[PDB]
Amino acid sequence: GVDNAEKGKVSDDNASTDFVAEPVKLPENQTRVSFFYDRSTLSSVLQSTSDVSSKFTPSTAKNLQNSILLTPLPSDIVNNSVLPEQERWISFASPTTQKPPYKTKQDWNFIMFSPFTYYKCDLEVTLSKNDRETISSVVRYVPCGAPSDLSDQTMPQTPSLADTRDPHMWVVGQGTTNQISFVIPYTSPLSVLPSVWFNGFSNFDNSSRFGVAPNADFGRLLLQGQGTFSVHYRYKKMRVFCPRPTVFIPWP
Amino acid sequence: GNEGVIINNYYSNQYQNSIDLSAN
Amino acid sequence: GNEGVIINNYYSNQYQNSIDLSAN
Amino acid sequence: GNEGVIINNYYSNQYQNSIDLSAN
Amino acid sequence: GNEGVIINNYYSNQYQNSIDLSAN
Amino acid sequence: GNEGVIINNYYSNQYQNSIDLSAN
Amino acid sequence: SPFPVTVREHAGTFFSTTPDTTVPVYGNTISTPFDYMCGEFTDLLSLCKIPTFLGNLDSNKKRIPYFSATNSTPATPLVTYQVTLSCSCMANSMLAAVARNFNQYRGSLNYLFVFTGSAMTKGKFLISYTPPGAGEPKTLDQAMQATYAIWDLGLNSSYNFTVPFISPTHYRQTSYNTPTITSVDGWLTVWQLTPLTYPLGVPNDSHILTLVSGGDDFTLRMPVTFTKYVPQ
Amino acid sequence: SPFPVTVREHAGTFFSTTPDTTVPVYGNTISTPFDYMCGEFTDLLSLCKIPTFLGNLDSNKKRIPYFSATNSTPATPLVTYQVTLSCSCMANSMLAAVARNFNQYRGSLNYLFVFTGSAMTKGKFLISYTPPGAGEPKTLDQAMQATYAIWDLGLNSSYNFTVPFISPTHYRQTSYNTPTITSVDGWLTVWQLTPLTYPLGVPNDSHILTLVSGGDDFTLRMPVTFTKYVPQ
Amino acid sequence: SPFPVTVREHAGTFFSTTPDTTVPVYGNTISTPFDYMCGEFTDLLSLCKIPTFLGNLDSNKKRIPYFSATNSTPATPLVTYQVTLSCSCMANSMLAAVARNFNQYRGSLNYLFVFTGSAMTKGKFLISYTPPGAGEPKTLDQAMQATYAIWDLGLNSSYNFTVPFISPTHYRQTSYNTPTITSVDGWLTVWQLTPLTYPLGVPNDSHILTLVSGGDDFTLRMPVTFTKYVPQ
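Quick mapping for you: the protein sequence lines, in order, are chains Y, B, H, F, A, V, C, L and S. Okay, so the first sequence: first residue is 647 according to full-length UniProt numbering, each after it adds one. Okay, so the second sequence: first residue is 86 according to full-length UniProt numbering, each after it adds one. Okay, so the third sequence: first residue is 86 according to full-length UniProt numbering, each after it adds one. Okay, so the fourth sequence: first residue is 86 according to full-length UniProt numbering, each after it adds one. Okay, so the fifth sequence: first residue is 86 according to full-length UniProt numbering, each after it adds one. Okay, so the sixth sequence: first residue is 86 according to full-length UniProt numbering, each after it adds one. Okay, so the seventh sequence: first residue is 415 according to full-length UniProt numbering, each after it adds one. Okay, so the eighth sequence: first residue is 415 according to full-length UniProt numbering, each after it adds one. Okay, so the ninth sequence: first residue is 415 according to full-length UniProt numbering, each after it adds one.
This is the structure:
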């Protein structure tokens with residue numbers, strides 16, 4: 647029937663309002679935000695050419711670093727930063743093709759579908775070796791905004807990444823299944839994280855990159871040992887706030 | 086959503102999940 | 086048919102099996 | 086003879102063993 | 086001595102250990 | 086601190102941990 | 415004593431959707447308080463129900479959120495939308511954006527029309543929903559043969575039209591390779607019943623905003639990933 | 415604390431018939447409602463009990479669902495079926511089709527005969543079931559020495575004959591490489607007791623449809639796969 | 415019977431922080447009695463609350479636990495400390511030593527000043543805490559515009575000043591690469607309100623010891639390892 651969209655809200659009707667019909671609803675709860683985001687989606691990739699028993703040193707090789715920033719939003723080395731930082735845009739890895747892969751790391755499924763302005767959750771991370779050669783790797787998890795501690799080994803022939811009280815994982819051997827998974831709690835000093843844009847600066851002289859919030863991540867993962875590893879994120883107890891537009895899709 | 090195991094979690098709730106707390 | 090385990094299924098029934106529902 | 090586990094069999098008795106039945 | 090598991094042995098006592106018996 | 090498993094320890098407390106005793 | 419185990423044939427497999435958790439490596443941590451927050455929502459369906467804009471074609475093939483009507487009654491529909499959450503006309507509505515991440519839908523669809531012409535402009539439209547089987551309606555006579563509502567302009571500016579869920583199956587696909595009887599469900603066409611009528615000093619063309627959203631009994635199910643594309 | 419486990423010697427084995435389930439990767443999903451449906455059945459035995467056609471040989475060695483009888487009483491049986499769910503004459507009956515997927519059977523077999531001659535045609539048949547041990551019955555005198563029923567034509571068109579389950583073993587094999595005392599169980603032969611008799615203006619040959627199915631107390635057990643073949 | 419198990423994808427992984435125990439290989443052992451002991455503490459926070467020294471710069475750029483004041487009132491602060499558990503001036507305080515092993519903090523900070531001049535020396539200081547957003551206070555007029563306390567010398571020797579926890583976020587970072595609005599929180603500056611005043615025969619320079627510690631409602635969280643260094 648008639649209404650007035652200028653009110654900013656109109657009723658949700660079913661066929662019975664204007665016609666001789668009945669409501670036809672069936673129970674369904676797979677649209678719940680928690681359920682939807684509670685599944686693992688590819689969100690990053692990591693590569694290392696250093697052995698386990700050596701000093702970890704930040705490196706990049708064809709757009710792959712040996713450490714990542716834990717955030718569904720695009721991240722990459724920004725203006726020669728030592729470690730990857732959150733990006734404000736996505737770029738093709740290739741300077742010519744104008745087709746993906748992108749040089750930036752992110753959870754494509756999150757970027758392409760995040761109809762909210764802020765989110766809150768714990769993060770379940772899965773790290774998988776891209777081939778079947780027996781794994782021998784050490785990973786260090788650094789909480790949001792904590793010291794990276796990219797120091798020298800304090801003892802000969804030991805993985806510098808394991809030289810910490812920070813949570814770290816060590817998998818190696820013929821009995822392992824070439825992967826690692828674990829869940830970390832939300833560690834940002836922010837109450838909720840911005841899911842798309844942050845309309846401001848991060849420091850007091852407003853000289854940072856406008857659009858990026860301060861400490862808006864889940865920490866970092868540093869890796870040593872040989873191999874290329876893919877990473878997945880799974881959002882536990884996910885909560886979202888303030889509905890907002892989704893990424894635009896080209897007209898068919 | 087997306088947890089469907091009938092036996093209780095092996096790790097306590099404080100450890101398995103971040104602890105939710107109200108500041109007020 | 087063909088299920089003969091005495092301890093209950095680890096995954097809840099909603100998850101282990103599709104949910105049967107009547108539309109009427 | 087030769088079964089000495091105290092926790093019950095994981096598979097039900099109908100499945101773990103053939104079913105004995107009398108025809109009379 | 087030297088057994089410190091709180092859940093009972095999976096194999097029955099007759100099988101896990103030799104059976105002690107007195108001849109008188 | 087840092088133990089968050091809800092099911093009891095498989096090894097008895099005397100074995101899992103050193104036994105604390107007061108000499109007085 | 416140690417427990418005997420039978421290692422299943424899928425040992426070491428990483429299931430992206432297993433309904434179980436993994437090992438917590440930094441527990442006993444408080445999640446930064448956020449009790450002051452507002453605007454939280456828990457169901458993605460909430461989004462589907464918010465009316466958002468349909469993309470209509472310009473005379474220059476440019477996309478606009480409205481269509482034109484004037485002092486005449488064309489023998490053809492002013493606009494035609496195929497009912498599919500795949501329709502290109504609704505490709506950028508929140509409804510379609512959410513539906514792209516689910517396999518099936520069920521329930522009502524709400525097509526909202528907002529008259530933006532002058533207050534002195536009057537007129538009537540016939541909004542029709544034609545179920546499939548006999549093709550798209552070619553005339554007003556045919557369009558009236560199906561589900562329809564007559565929209566009369568006046569004090570109230572908009573008309574909330576519902577495309578009833580009429581289907582051979584309980585659920586319908588949200589997308590498809592080739593149209594099937596389970597993924598394409600007919601057409602919504604709006605006709606000019608009486609011409610837009612007005613006094614002198616009023617522009618001849620009136621613009622009617624067009625929006626879509628899920629209705630009261632609308633639902634989606636089965637989380638999936640849509641065909642990827644390069645933004646541009 | 416972690417639980418000590420003893421990995422059994424069959425680690426990683428995939429058991430096609432383990433009575434256990436595996437990991438659900440898309441749970442909390444509603445199975446599209448089908449409460450409107452009819453015709454559901456839950457036991458394959460239901461099928462075995464539906465009488466379906468036996469394939470009898472033509473004079474040109476072509477398969478037909480009936481046999482012929484006329485105004486005479488042959489000294490040999492009109493048809494002979496060996497009681498085996500393997501018999502080639504019943505190879506395409508639902509009973510045999512289902513039995514091919516099970517290892518053993520037990521219980522009654524029902525052989526249904528339907529007289530299709532004219533209403534003016536009369537006659538009597540002697541349907542006999544001869545248990546094994548002394549070979550196939552060579553004469554009517556021998557056939558009558560075993561289990562038999564006399565079928566008299568008239569108002570009622572068909573005769574439901576039961577081959578009693580007479581066996582040294584509780585269950586019998588549904589198929590075999592070479593016949594054994596546990597897979598072959600005798601013969602069902604139908605003889606002409608009195609000649610088919612009729613008036614003038616009536617075709618000399620009458621056709622009797624022949625069908626088989628499991629009886630009331632018939633059962634099958636042990637799901638298996640039958641020897642594969644190329645359809646043609 | 416053996417229990418079927420699904421070996422997860424992380425088999426064999428060593429989790430340095432799993433909240434579970436491992437296999438005891440020398441159990442039933444008594445831990446050498448220590449009931450006679452004293453001085454035990456169970457929370458590292460206890461340490462954070464003990465006031466320890468701040469390192470101020472000498473006129474020769476040497477570090478000392480105090481600052482100087484005399485018979486004059488400079489137009490600039492006598493000392494300036496940026497409130498960050500990362501401040502180099504507090505780098506060797508127990509508060510900073512403990513904070514270096516945690517990711518975030520919350521709550522009050524106590525800055526303790528102890529006047530060490532002669533008993534015949536008098537004077538007043540204005541201790542100010544300026545929240546960020548408008549930069550460091552350039553004059554006394556600006557410093558007084560923020561949180562401050564006037565410290566008057568006399569019988570009691572020290573002044574316990576509290577930097578209130580004023581933050582956009584519930585928790586703040588204990589360290590950083592580049593200052594952010596969640597890791598740097600303003601400045602604590604102490605000004606000379608009235609000049610140190612005294613009689614003849616008294617040295618012109620008075621030394622004020624400076625210490626810091628966490629306040630009553632101060633807390634730290636998230637055990638981590640700080641950037642390693644070579645002692646020297």
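No residue lacks a Cβ here, since even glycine has one placed at the ideal position from N, Cα and C.
- Under the three-state reduction of DSSP output, residue 888 of chain Y falls in the strand class.
- Along the region 91 to 105 of chain V, the positions whose C-beta sits under 7 Å from a C-beta of chain S are 94, 96, 99, 100, 101, 103, 104, 105, read in chain order.
- In summary, residue 644 of chain S is exposed, with fewer than 16 beta-carbon neighbours lying within 10 Å of its beta-carbon over all protein chains present.
- Here residue 689 of chain Y is buried, its C-beta having at least 16 other C-beta atoms within 10 Å.
- At a beta-carbon threshold of 7 Å, the residues of chain B lying near residue 433 of chain S are 96, 100, ordered along the chain.
- Less than 7 Å divides the Cβ of residue 621 of chain C from the Cβ of residue 480 of chain C.
- In this model, residue 562 of chain S and residue 625 of chain S are separated by some 17 Å (Cα to Cα).
- The C-alpha of residue 590 of chain L is placed about 58 Å away from the C-alpha of residue 436 of chain S.
- Rounded to whole angstroms, the gap between the alpha carbons of residue 677 of chain Y and residue 88 of chain F is 50 Å.
- In the structure shown, the three-state DSSP call for residue 472 of chain L is coil.
- At a cut-off of 7 Å between beta-carbon atoms, residue 680 of chain Y makes contact with chain B.
- The Cβ of residue 430 of chain L sits no closer than 7 Å to any Cβ of chain S.
- In the three-state scheme derived from DSSP, where H, G and I count as helix and E and B as strand, residue 508 of chain C is classed as helix.
- Counting the other CB atoms within 10 Å of its CB gives residue 882 of chain Y a total of 16 or more, which places it among the buried residues.
- Of all C-beta pairs linking the region 487 to 502 of chain S to the region 589 to 604 of chain S, three or more are shorter than 8 Å, placing the two stretches in contact.
- Contact residues of the region 592 to 626 of chain C toward chain H are absent (C-beta to C-beta distance below 7 Å).
- At least one C-beta of chain C is nearer than 7 Å to the C-beta of residue 585 of chain S.
- In the three-state DSSP reduction, residue 501 of chain S falls in the coil class, being neither helix nor strand.
- Excluding residues up to 5 positions away in sequence, 781, 783, 826 lie with their Cβ nearer than 7 Å to the Cβ of residue 817 of chain Y in the same chain.
- Within the region 511 to 597 of chain C, the complete alpha helix (DSSP H) segments of 4 residues or longer fall at 554 to 557, listed in chain order.
- In this structure, the CA atom of residue 776 of chain Y is about 36 Å from the CA atom of residue 104 of chain H.
- DSSP, read as helix, strand or coil, puts residue 801 of chain Y in coil.
- Note on geometry: alpha-carbon atoms of residue 550 of chain C and residue 880 of chain Y lie some 45 Å from one another.
- For residue 505 of chain C, the chain Y residues whose C-beta falls within less than 7 Å of its own C-beta are 895, 897, 898, listed in chain order.
- Counting the other CB atoms within 10 Å of its CB gives residue 730 of chain Y a total of 16 or more, which places it among the buried residues.
- Under the 10 Å beta carbon count, residue 452 of chain C is surrounded by fewer than 16 other beta carbons and is classified as exposed.
- Looking from the CA of residue 633 of chain S, the closest CA among S:415, S:610, S:522 belongs to S:522.
- The straight-line gap separating the alpha-carbon atoms of residue 443 of chain C and residue 431 of chain S is approximately 13 Å.
- The continuous stretches of beta strand (DSSP E) do not include residue 638 of chain C, and DSSP gives it neither H nor E.
- For residue 754 of chain Y, there is no enclosing beta strand (DSSP E); the enclosing alpha helix (DSSP H) has its first and last residue at 754 to 758.
- In the structure shown, residue 652 of chain Y falls within a helical segment according to DSSP collapsed to helix, strand and coil.
- Taking the beta carbon of residue 793 of chain Y as reference, no residue of chain C falls within 9 Å; the closest one sits roughly 16 Å away.
- With a threshold of 16 other beta carbon atoms within 10 Å, residue 467 of chain L meets it and is buried.
- Shown here, residue 452 of chain C sits in coil according to DSSP, grouped into three states, outside any helix or strand.
- Residue range 687 to 694 is occupied by the beta strand (DSSP E) that includes residue 688 of chain Y.
- Exposure of residue 534 of chain C is indicated by the presence of fewer than 16 other C-beta atoms within 10 angstroms of its C-beta.
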